[PDB]
$ cat target06.txt   # compact mmCIF, C-alpha atoms and all ligand atoms
# COMPACT_ATOMS: atom_id res chain seq x y z
CA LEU T 4 0.91 1.37 19.76
CA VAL T 5 -2.37 2.14 18.03
CA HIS T 6 -2.88 3.06 14.37
CA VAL T 7 -6.22 4.72 13.95
CA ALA T 8 -7.74 4.90 10.46
CA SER T 9 -8.44 8.49 9.49
CA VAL T 10 -10.40 9.13 6.24
CA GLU T 11 -8.65 11.54 3.82
CA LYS T 12 -10.54 14.80 4.42
CA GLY T 13 -13.81 15.12 2.53
CA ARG T 14 -13.28 12.08 0.31
CA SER T 15 -15.98 9.50 -0.38
CA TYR T 16 -16.44 6.25 -2.36
CA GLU T 17 -16.55 8.05 -5.71
CA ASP T 18 -13.14 9.64 -5.07
CA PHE T 19 -11.55 6.21 -4.46
CA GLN T 20 -13.35 4.63 -7.44
CA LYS T 21 -11.65 7.30 -9.53
CA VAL T 22 -8.25 6.19 -8.22
CA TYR T 23 -9.16 2.54 -8.86
CA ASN T 24 -10.13 3.43 -12.47
CA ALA T 25 -6.80 5.26 -13.12
CA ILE T 26 -4.79 2.23 -11.89
CA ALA T 27 -7.02 -0.14 -13.88
CA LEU T 28 -6.78 1.89 -17.11
CA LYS T 29 -2.99 2.08 -16.78
CA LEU T 30 -2.87 -1.70 -16.20
CA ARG T 31 -4.69 -2.16 -19.49
CA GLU T 32 -2.55 0.27 -21.52
CA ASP T 33 0.94 -0.37 -20.09
CA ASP T 34 0.59 -3.99 -21.16
CA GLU T 35 4.15 -4.71 -22.44
CA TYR T 36 5.97 -4.90 -19.07
CA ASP T 37 7.70 -8.25 -18.26
CA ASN T 38 7.16 -9.82 -21.69
CA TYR T 39 3.50 -8.81 -21.83
CA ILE T 40 2.57 -10.09 -18.39
CA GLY T 41 1.76 -6.50 -17.46
CA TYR T 42 1.97 -4.91 -13.99
CA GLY T 43 -0.89 -6.91 -12.29
CA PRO T 44 1.32 -9.50 -10.57
CA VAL T 45 4.03 -7.08 -9.35
CA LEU T 46 1.39 -4.79 -7.76
CA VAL T 47 -0.06 -7.78 -5.92
CA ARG T 48 3.45 -8.58 -4.66
CA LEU T 49 3.97 -4.96 -3.63
CA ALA T 50 0.68 -4.85 -1.64
CA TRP T 51 1.76 -8.09 0.12
CA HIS T 52 5.30 -6.88 0.92
CA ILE T 53 4.17 -3.59 2.39
CA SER T 54 1.65 -5.48 4.57
CA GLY T 55 3.79 -8.53 5.46
CA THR T 56 6.18 -6.53 7.75
CA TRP T 57 3.46 -6.45 10.45
CA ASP T 58 4.20 -7.98 13.85
CA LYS T 59 1.16 -8.83 15.96
CA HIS T 60 3.26 -8.68 19.16
CA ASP T 61 3.97 -4.95 19.15
CA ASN T 62 1.83 -3.69 16.25
CA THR T 63 4.82 -2.37 14.25
CA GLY T 64 5.05 -2.59 10.46
CA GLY T 65 2.12 -3.39 8.16
CA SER T 66 0.42 -1.25 5.53
CA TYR T 67 -0.77 1.65 7.68
CA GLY T 68 2.28 3.92 7.57
CA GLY T 69 3.14 3.69 3.83
CA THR T 70 6.75 3.25 4.98
CA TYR T 71 7.86 1.59 1.73
CA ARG T 72 8.43 5.12 0.40
CA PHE T 73 11.49 5.44 2.70
CA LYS T 74 14.92 4.24 1.59
CA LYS T 75 15.50 1.57 4.29
CA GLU T 76 12.36 -0.38 3.27
CA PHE T 77 12.47 0.50 -0.42
CA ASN T 78 16.01 -1.07 -0.54
CA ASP T 79 15.25 -4.18 1.52
CA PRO T 80 16.78 -7.04 -0.56
CA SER T 81 13.42 -8.91 -0.04
CA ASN T 82 11.81 -6.05 -1.99
CA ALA T 83 14.07 -6.37 -5.09
CA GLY T 84 12.01 -5.79 -8.21
CA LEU T 85 9.14 -3.93 -6.47
CA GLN T 86 10.62 -0.58 -7.64
CA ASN T 87 8.78 -1.42 -10.87
CA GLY T 88 5.41 -1.35 -9.10
CA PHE T 89 6.41 1.88 -7.36
CA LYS T 90 7.27 3.56 -10.66
CA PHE T 91 3.93 2.38 -12.08
CA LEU T 92 2.00 4.00 -9.19
CA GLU T 93 4.04 7.21 -9.02
CA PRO T 94 2.18 9.06 -11.81
CA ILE T 95 -1.15 7.94 -10.31
CA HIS T 96 -0.12 9.46 -6.99
CA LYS T 97 0.73 12.74 -8.79
CA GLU T 98 -2.73 12.70 -10.33
CA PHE T 99 -4.41 12.08 -6.90
CA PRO T 100 -2.02 13.64 -4.37
CA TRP T 101 -4.71 13.55 -1.63
CA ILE T 102 -4.47 9.73 -1.17
CA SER T 103 -2.14 8.36 1.50
CA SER T 104 0.79 6.14 0.49
CA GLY T 105 -0.49 3.07 2.38
CA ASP T 106 -3.97 3.52 0.86
CA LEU T 107 -2.46 3.81 -2.63
CA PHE T 108 -0.16 0.73 -2.32
CA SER T 109 -2.94 -1.48 -0.85
CA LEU T 110 -5.54 -0.21 -3.35
CA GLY T 111 -3.10 -1.12 -6.20
CA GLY T 112 -3.12 -4.78 -4.98
CA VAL T 113 -6.95 -4.79 -4.84
CA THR T 114 -7.22 -3.25 -8.30
CA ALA T 115 -4.79 -5.73 -9.83
CA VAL T 116 -6.60 -8.79 -8.39
CA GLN T 117 -10.02 -7.61 -9.59
CA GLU T 118 -8.76 -6.49 -13.05
CA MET T 119 -7.11 -9.94 -13.46
CA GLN T 120 -10.66 -11.47 -13.08
CA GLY T 121 -10.06 -12.38 -9.39
CA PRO T 122 -12.70 -12.08 -6.60
CA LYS T 123 -13.90 -8.73 -5.34
CA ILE T 124 -11.79 -7.60 -2.37
CA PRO T 125 -13.53 -5.15 0.00
CA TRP T 126 -11.19 -2.32 0.88
CA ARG T 127 -11.13 0.35 3.63
CA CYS T 128 -9.47 3.76 3.36
CA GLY T 129 -7.72 5.81 6.01
CA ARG T 130 -4.12 4.64 6.29
CA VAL T 131 -2.04 7.64 7.33
CA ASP T 132 1.57 8.28 6.28
CA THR T 133 3.92 8.02 9.28
CA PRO T 134 7.49 9.42 9.75
CA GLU T 135 10.75 7.82 8.49
CA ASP T 136 11.54 6.58 11.97
CA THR T 137 8.48 4.26 11.92
CA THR T 138 10.02 2.23 9.04
CA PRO T 139 10.60 -1.41 10.07
CA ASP T 140 14.06 -2.92 9.76
CA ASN T 141 14.78 -5.28 6.86
CA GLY T 142 14.37 -9.03 7.48
CA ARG T 143 10.66 -9.34 8.42
CA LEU T 144 9.56 -10.83 5.06
CA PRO T 145 9.90 -14.62 4.56
CA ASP T 146 12.62 -16.71 2.92
CA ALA T 147 11.70 -19.05 0.07
CA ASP T 148 14.19 -21.89 0.87
CA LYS T 149 12.38 -23.27 3.90
CA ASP T 150 9.86 -25.94 4.89
CA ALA T 151 6.24 -26.16 6.11
CA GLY T 152 7.28 -25.67 9.76
CA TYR T 153 8.91 -22.35 8.92
CA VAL T 154 5.92 -21.21 6.79
CA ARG T 155 3.45 -21.98 9.57
CA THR T 156 5.63 -20.28 12.24
CA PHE T 157 6.34 -17.25 10.07
CA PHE T 158 2.65 -16.63 9.34
CA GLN T 159 1.67 -16.86 13.00
CA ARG T 160 3.41 -13.45 13.32
CA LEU T 161 0.78 -12.02 10.93
CA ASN T 162 -1.98 -13.81 12.83
CA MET T 163 -2.80 -16.10 9.89
CA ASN T 164 -4.01 -19.70 10.38
CA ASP T 165 -3.44 -22.73 8.13
CA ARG T 166 -6.37 -22.00 5.79
CA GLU T 167 -5.51 -18.32 5.49
CA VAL T 168 -1.88 -19.26 4.58
CA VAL T 169 -2.87 -21.76 1.89
CA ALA T 170 -5.41 -19.37 0.40
CA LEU T 171 -2.95 -16.46 0.23
CA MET T 172 -0.31 -18.66 -1.41
CA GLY T 173 -2.66 -19.19 -4.40
CA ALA T 174 -1.43 -15.78 -5.62
CA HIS T 175 1.69 -17.71 -6.80
CA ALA T 176 -0.35 -18.65 -9.87
CA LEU T 177 0.41 -15.06 -10.94
CA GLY T 178 3.53 -13.60 -12.59
CA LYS T 179 6.94 -15.28 -12.46
CA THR T 180 10.30 -15.43 -10.74
CA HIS T 181 13.21 -13.38 -12.05
CA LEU T 182 16.71 -14.59 -11.40
CA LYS T 183 17.99 -11.04 -10.79
CA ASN T 184 15.36 -10.36 -8.10
CA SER T 185 15.33 -13.51 -6.03
CA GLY T 186 17.74 -16.16 -7.33
CA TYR T 187 14.82 -18.20 -8.62
CA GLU T 188 14.02 -18.64 -12.29
CA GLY T 189 11.01 -19.82 -14.27
CA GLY T 190 7.30 -19.86 -13.70
CA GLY T 191 4.15 -19.78 -15.76
CA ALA T 192 3.93 -16.10 -16.57
CA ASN T 193 0.18 -15.83 -15.97
CA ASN T 194 -1.95 -12.72 -15.55
CA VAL T 195 -5.37 -14.21 -15.00
CA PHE T 196 -6.33 -15.03 -11.43
CA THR T 197 -7.36 -18.71 -11.13
CA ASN T 198 -6.87 -21.64 -8.76
CA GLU T 199 -4.16 -23.12 -11.08
CA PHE T 200 -1.50 -22.98 -8.36
CA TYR T 201 -3.23 -25.85 -6.51
CA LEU T 202 -4.00 -27.83 -9.66
CA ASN T 203 -0.36 -27.59 -10.72
CA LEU T 204 0.87 -28.63 -7.27
CA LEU T 205 -1.19 -31.81 -7.36
CA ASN T 206 -1.02 -32.75 -11.06
CA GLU T 207 2.55 -32.06 -12.19
CA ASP T 208 5.51 -34.41 -11.84
CA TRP T 209 7.99 -32.28 -9.84
CA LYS T 210 11.65 -32.75 -9.64
CA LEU T 211 13.99 -30.97 -7.20
CA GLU T 212 16.92 -29.31 -9.01
CA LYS T 213 19.53 -26.70 -8.45
CA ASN T 214 19.16 -23.60 -10.62
CA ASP T 215 21.69 -21.24 -12.24
CA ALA T 216 21.99 -19.23 -9.00
CA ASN T 217 22.67 -22.42 -6.99
CA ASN T 218 19.32 -22.41 -5.20
CA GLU T 219 17.03 -25.42 -5.00
CA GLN T 220 13.64 -25.28 -6.75
CA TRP T 221 11.05 -27.73 -7.95
CA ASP T 222 10.69 -28.04 -11.72
CA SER T 223 8.11 -29.80 -13.88
CA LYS T 224 8.59 -31.21 -17.38
CA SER T 225 5.86 -28.81 -18.47
CA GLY T 226 7.97 -25.79 -17.53
CA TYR T 227 6.33 -24.75 -14.26
CA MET T 228 8.27 -24.18 -11.04
CA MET T 229 7.58 -24.15 -7.31
CA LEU T 230 9.57 -22.58 -4.50
CA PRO T 231 10.54 -24.87 -1.61
CA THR T 232 7.98 -22.98 0.49
CA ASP T 233 5.26 -23.63 -2.23
CA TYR T 234 6.04 -27.31 -2.38
CA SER T 235 5.90 -27.54 1.45
CA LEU T 236 2.09 -27.12 1.12
CA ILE T 237 1.84 -30.69 -0.21
CA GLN T 238 4.46 -32.08 2.22
CA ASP T 239 2.48 -31.12 5.38
CA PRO T 240 -0.76 -33.15 5.89
CA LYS T 241 -2.82 -30.16 7.18
CA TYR T 242 -1.83 -27.89 4.26
CA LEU T 243 -2.29 -30.75 1.76
CA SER T 244 -5.95 -31.13 2.78
CA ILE T 245 -6.62 -27.47 2.04
CA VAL T 246 -4.70 -27.60 -1.25
CA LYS T 247 -7.02 -30.41 -2.39
CA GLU T 248 -10.04 -28.35 -1.36
CA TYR T 249 -9.04 -25.31 -3.41
CA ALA T 250 -7.99 -27.48 -6.41
CA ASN T 251 -11.57 -28.83 -6.42
CA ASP T 252 -13.55 -25.71 -5.60
CA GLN T 253 -12.74 -22.48 -7.43
CA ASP T 254 -15.48 -20.46 -5.72
CA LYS T 255 -14.35 -21.48 -2.22
CA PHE T 256 -10.81 -20.51 -3.13
CA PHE T 257 -11.92 -17.04 -4.41
CA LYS T 258 -13.98 -16.34 -1.28
CA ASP T 259 -11.27 -17.48 1.15
CA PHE T 260 -8.59 -15.56 -0.72
CA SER T 261 -10.70 -12.38 -0.63
CA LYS T 262 -11.09 -12.62 3.18
CA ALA T 263 -7.45 -13.42 3.84
CA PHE T 264 -6.13 -10.72 1.50
CA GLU T 265 -8.35 -8.01 2.99
CA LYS T 266 -7.24 -9.10 6.51
CA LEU T 267 -3.59 -8.97 5.37
CA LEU T 268 -4.03 -5.38 4.06
CA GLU T 269 -5.86 -4.33 7.26
CA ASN T 270 -3.68 -5.93 9.93
CA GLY T 271 -2.54 -3.39 12.54
CA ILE T 272 -5.18 -0.81 11.77
CA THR T 273 -7.94 0.21 14.26
CA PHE T 274 -11.08 1.34 12.49
CA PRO T 275 -13.37 3.65 14.48
CA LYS T 276 -16.86 2.26 15.05
CA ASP T 277 -18.24 5.04 12.85
CA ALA T 278 -15.72 4.69 9.98
CA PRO T 279 -17.27 4.06 6.53
CA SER T 280 -18.14 0.48 5.58
CA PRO T 281 -15.59 -1.27 3.31
CA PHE T 282 -15.93 -0.28 -0.34
CA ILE T 283 -16.35 -2.72 -3.15
CA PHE T 284 -15.12 -1.23 -6.35
CA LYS T 285 -16.56 -1.84 -9.80
CA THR T 286 -14.19 -3.26 -12.42
CA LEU T 287 -13.65 -1.33 -15.70
CA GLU T 288 -15.73 -4.06 -17.32
CA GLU T 289 -18.65 -3.51 -14.95
CA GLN T 290 -18.59 0.22 -15.75
CA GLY T 291 -18.49 -0.52 -19.51
CA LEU T 292 -15.07 1.23 -19.74
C1 LIG S 1 6.14 -18.06 2.24
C2 LIG S 1 5.71 -16.88 1.75
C3 LIG S 1 6.20 -16.37 0.37
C4 LIG S 1 7.41 -16.45 -0.17
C5 LIG S 1 8.69 -17.09 0.45
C6 LIG S 1 7.37 -15.80 -1.45
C7 LIG S 1 8.46 -15.72 -2.30
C8 LIG S 1 8.41 -15.25 -3.58
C9 LIG S 1 9.50 -15.19 -4.56
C10 LIG S 1 10.95 -15.68 -4.29
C11 LIG S 1 9.00 -14.65 -5.69
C12 LIG S 1 9.74 -14.32 -7.03
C13 LIG S 1 10.23 -12.84 -6.90
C14 LIG S 1 10.89 -12.47 -8.22
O1 LIG S 1 11.85 -13.21 -8.55
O2 LIG S 1 10.49 -11.50 -8.95
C15 LIG S 1 7.61 -14.33 -5.46
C16 LIG S 1 6.74 -13.81 -6.41
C17 LIG S 1 5.42 -13.44 -6.23
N1 LIG S 1 4.71 -13.48 -5.04
FE1 LIG S 1 5.40 -14.50 -3.36
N2 LIG S 1 6.09 -15.35 -1.68
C18 LIG S 1 5.34 -15.65 -0.56
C19 LIG S 1 4.00 -15.36 -0.34
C20 LIG S 1 3.23 -14.57 -1.19
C21 LIG S 1 1.93 -14.02 -0.91
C22 LIG S 1 1.20 -14.21 0.43
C23 LIG S 1 1.53 -13.31 -2.00
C24 LIG S 1 0.28 -12.47 -2.22
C25 LIG S 1 -0.91 -12.73 -1.64
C26 LIG S 1 2.56 -13.39 -2.97
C27 LIG S 1 2.47 -12.85 -4.25
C28 LIG S 1 3.45 -12.98 -5.21
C29 LIG S 1 3.28 -12.60 -6.59
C30 LIG S 1 1.99 -12.03 -7.23
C31 LIG S 1 4.58 -12.90 -7.25
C32 LIG S 1 4.88 -12.67 -8.75
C33 LIG S 1 5.41 -11.21 -8.87
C34 LIG S 1 5.93 -10.88 -10.27
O3 LIG S 1 5.55 -11.61 -11.22
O4 LIG S 1 6.69 -9.85 -10.39
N3 LIG S 1 3.56 -14.18 -2.48
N4 LIG S 1 7.30 -14.74 -4.18
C1 LIG S 2 1.26 -21.31 -12.21
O1 LIG S 2 2.62 -21.12 -12.59
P1 LIG S 2 3.78 -21.88 -11.80
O2 LIG S 2 4.79 -22.32 -12.77
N1 LIG S 2 4.29 -20.93 -10.53
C2 LIG S 2 4.62 -19.67 -10.87
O3 LIG S 2 4.56 -19.26 -12.03
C3 LIG S 2 5.13 -18.84 -9.88
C4 LIG S 2 4.78 -17.50 -9.85
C5 LIG S 2 5.31 -16.66 -8.88
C6 LIG S 2 6.21 -17.16 -7.95
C7 LIG S 2 6.58 -18.49 -7.99
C8 LIG S 2 6.05 -19.33 -8.96
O4 LIG S 2 3.01 -23.16 -11.27
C9 LIG S 2 3.75 -24.31 -10.85
$ encode --input "target06.txt" --output "structure tokens"
Amino acid sequence: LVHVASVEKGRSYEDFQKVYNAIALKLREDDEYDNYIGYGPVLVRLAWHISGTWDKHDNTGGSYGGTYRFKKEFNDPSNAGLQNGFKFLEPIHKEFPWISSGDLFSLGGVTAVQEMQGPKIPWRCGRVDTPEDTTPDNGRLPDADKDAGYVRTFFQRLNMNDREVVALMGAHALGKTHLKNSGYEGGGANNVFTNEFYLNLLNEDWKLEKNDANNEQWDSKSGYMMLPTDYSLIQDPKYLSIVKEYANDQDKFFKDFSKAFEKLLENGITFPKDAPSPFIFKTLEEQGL
């Protein structure tokens, strides 16, 4: 099972920079969503959920096929709340109908990270929409009520190592939980990309409590929360070492996150030797827009 990248016919960097700019401008103007958090965090989640169905064993799932557009995946209970990101991107897709679904969903995650003052994330085009029958079954995305052992084992399926896992989890500095989506409540409601996740993990006084949906979560007096799977990163001695590294080195965290996130969005795709180099898009700020 091979998924070959195929560049949308006759399109070049400037075409994709246009799509980036439309997403970025809409992020700026549709700023009231989720109590003024804006759509940055949910688009990052969306890009992760469409990628995180990949299975290294048989090469099924992942971002290539854009299969989130089909009802089985769209209605996965693990995807509750992501409809909001879909609705955000829908008018963009009408404006640029030439872009594939997988390219649009993954580009939306890249745009959101960079527009939230995160690291540059190189991105490659050429995902190709595949038929409804290529949609993975529900149940490939991870549960939040588990320990470090489960996290490590789960992420092996996506071919991610300990450092890649800890770096990717720093995205939990963004956005918040919503009781209606996941049965978890609270969070910091942040829309600037920083290494605060690790600082919070190490500096807050956490207390395990049951919440209003009867799930266990870690709460701090300051009002922050951590999922059981977040808190597992300071329970396991290998993850804890890396948490301390990122808490103490913002630049290292940005660079590692960029690498891991691009790998996540590219898993399962074979790029021809003569495919274009990855693109690095300019932010609105860098264009003076
Ligand atoms: C063990 C793996 C993970 C688990 C169990 C997990 C679980 C969750 C849960 C339960 C929520 C709250 C959903 C809601 O109530 O709206 C959430 C939010 C979020 N997750 Fe994760 N997550 C994981 C890994 C990741 C990764 C790898 C990323 C991206 C690189 C990511 C990005 C986000 C973002 C940005 C939000 C906030 C979304 C919003 O504010 O709407 N997560 N996650
Ligand atoms: C940085 O805010 P947080 O309170 N964690 C979150 O806001 C958060 C965000 C998304 C998913 C889970 C927690 O830090 C302990």
$ closest_residue --input "target06.txt" --among "T:23, T:57, T:187, T:71" --to "residue 287 in chain T" --atoms "only C-alpha atoms"
T:23
$ residues_around --input "target06.txt" --residues "range 26-37 of chain T" --least-positions-apart "2" --cutoff "8 Å" --atoms "all atoms listed in the file" --output "PyMOL selection string"
chain T and resi 22-24+39-43+92+95+111+114-115+118+286-287
$ write_last_selection --input "target06.txt" --atoms "C-alpha atoms" --output "compact mmCIF listing (two decimals), keeping the file's coordinate frame"
# COMPACT_ATOMS: atom_id res chain seq x y z
CA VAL T 22 -8.25 6.19 -8.22
CA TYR T 23 -9.16 2.54 -8.86
CA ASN T 24 -10.13 3.43 -12.47
CA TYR T 39 3.50 -8.81 -21.83
CA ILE T 40 2.57 -10.09 -18.39
CA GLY T 41 1.76 -6.50 -17.46
CA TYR T 42 1.97 -4.91 -13.99
CA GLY T 43 -0.89 -6.91 -12.29
CA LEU T 92 2.00 4.00 -9.19
CA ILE T 95 -1.15 7.94 -10.31
CA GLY T 111 -3.10 -1.12 -6.20
CA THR T 114 -7.22 -3.25 -8.30
CA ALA T 115 -4.79 -5.73 -9.83
CA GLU T 118 -8.76 -6.49 -13.05
CA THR T 286 -14.19 -3.26 -12.42
CA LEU T 287 -13.65 -1.33 -15.70
$ residues_around --input "target06.txt" --residues "residue 11 in chain T" --least-positions-apart "2" --cutoff "10 Å" --atoms "all atoms listed in the file" --output "list in words"
residues 8, 9, 13, 14, 15, 101, 102, 103, 106, 128, 129, 130 and 131 of chain T
$ closest_residue --input "target06.txt" --among "T:248, T:259, T:148, T:132" --to "residue 231 in chain T" --atoms "all atoms listed in the file"
T:148
$ closest_residue --input "target06.txt" --among "T:184, T:251, T:78, T:109" --to "residue 205 in chain T" --atoms "all atoms listed in the file"
T:251
$ residues_near_ligand --input "target06.txt" --ligand "ligand LIG 1 (chain S)" --cutoff "6 Å" --atoms "only C-alpha atoms and all ligand atoms" --output "number ranges by chain"
T: 44-45, 47-48, 51, 84, 145-147, 154, 171-172, 174-175, 177-182, 184-185, 187, 232
$ closest_residue --input "target06.txt" --among "T:140, T:17, T:79, T:222" --to "ligand LIG 2 (chain S)" --atoms "all atoms listed in the file"
T:222
$ residues_near_ligand --input "target06.txt" --ligand "ligand LIG 2 (chain S)" --cutoff "7 Å" --atoms "all atoms listed in the file" --output "list in words"
residues 175, 176, 177, 178, 179, 180, 189, 190, 191, 192, 193, 199, 200, 203, 204, 226, 227, 228, 229 and 230 of chain T
$ build_atoms --input "target06.txt" --residues "range 21-36 of chain T" --atoms "N, CA, C and O atoms" --output "CSV table (one decimal), in the coordinates of the input"
chain,number,residue,atom,x,y,z
T,21,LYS,N,-12.4,6.6,-8.5
T,21,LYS,CA,-11.6,7.3,-9.5
T,21,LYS,C,-10.2,6.8,-9.5
T,21,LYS,O,-9.6,6.6,-10.6
T,22,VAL,N,-9.6,6.6,-8.3
T,22,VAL,CA,-8.2,6.2,-8.2
T,22,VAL,C,-8.1,4.7,-8.7
T,22,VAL,O,-7.2,4.4,-9.5
T,23,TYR,N,-9.1,3.9,-8.4
T,23,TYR,CA,-9.2,2.5,-8.9
T,23,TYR,C,-9.2,2.5,-10.4
T,23,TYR,O,-8.4,1.8,-11.0
T,24,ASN,N,-10.0,3.3,-11.0
T,24,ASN,CA,-10.1,3.4,-12.5
T,24,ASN,C,-8.8,3.9,-13.1
T,24,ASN,O,-8.4,3.3,-14.1
T,25,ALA,N,-8.1,4.8,-12.6
T,25,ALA,CA,-6.8,5.3,-13.1
T,25,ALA,C,-5.7,4.1,-13.1
T,25,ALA,O,-5.0,3.9,-14.1
T,26,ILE,N,-5.6,3.4,-12.0
T,26,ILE,CA,-4.8,2.2,-11.9
T,26,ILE,C,-5.2,1.2,-12.9
T,26,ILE,O,-4.4,0.7,-13.7
T,27,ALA,N,-6.5,0.9,-13.0
T,27,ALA,CA,-7.0,-0.1,-13.9
T,27,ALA,C,-6.8,0.2,-15.3
T,27,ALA,O,-6.4,-0.6,-16.1
T,28,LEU,N,-7.0,1.5,-15.7
T,28,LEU,CA,-6.8,1.9,-17.1
T,28,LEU,C,-5.3,1.8,-17.5
T,28,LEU,O,-5.0,1.3,-18.6
T,29,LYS,N,-4.4,2.2,-16.5
T,29,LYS,CA,-3.0,2.1,-16.8
T,29,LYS,C,-2.5,0.6,-16.9
T,29,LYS,O,-1.6,0.3,-17.7
T,30,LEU,N,-3.1,-0.3,-16.1
T,30,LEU,CA,-2.9,-1.7,-16.2
T,30,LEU,C,-3.2,-2.2,-17.6
T,30,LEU,O,-2.4,-3.1,-18.1
T,31,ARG,N,-4.3,-1.8,-18.2
T,31,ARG,CA,-4.7,-2.2,-19.5
T,31,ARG,C,-3.7,-1.6,-20.6
T,31,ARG,O,-3.4,-2.4,-21.5
T,32,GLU,N,-3.3,-0.4,-20.5
T,32,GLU,CA,-2.6,0.3,-21.5
T,32,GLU,C,-1.0,0.0,-21.5
T,32,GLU,O,-0.4,-0.1,-22.5
T,33,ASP,N,-0.5,0.0,-20.3
T,33,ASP,CA,0.9,-0.4,-20.1
T,33,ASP,C,1.1,-1.9,-20.1
T,33,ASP,O,1.6,-2.4,-19.1
T,34,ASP,N,0.7,-2.5,-21.1
T,34,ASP,CA,0.6,-4.0,-21.2
T,34,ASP,C,1.9,-4.7,-21.6
T,34,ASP,O,1.8,-6.0,-21.6
T,35,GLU,N,2.9,-4.1,-21.9
T,35,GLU,CA,4.2,-4.7,-22.4
T,35,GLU,C,5.2,-5.2,-21.4
T,35,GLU,O,6.1,-5.9,-21.7
T,36,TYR,N,5.0,-4.6,-20.2
T,36,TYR,CA,6.0,-4.9,-19.1
T,36,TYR,C,6.1,-6.4,-18.8
T,36,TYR,O,5.2,-7.1,-18.8
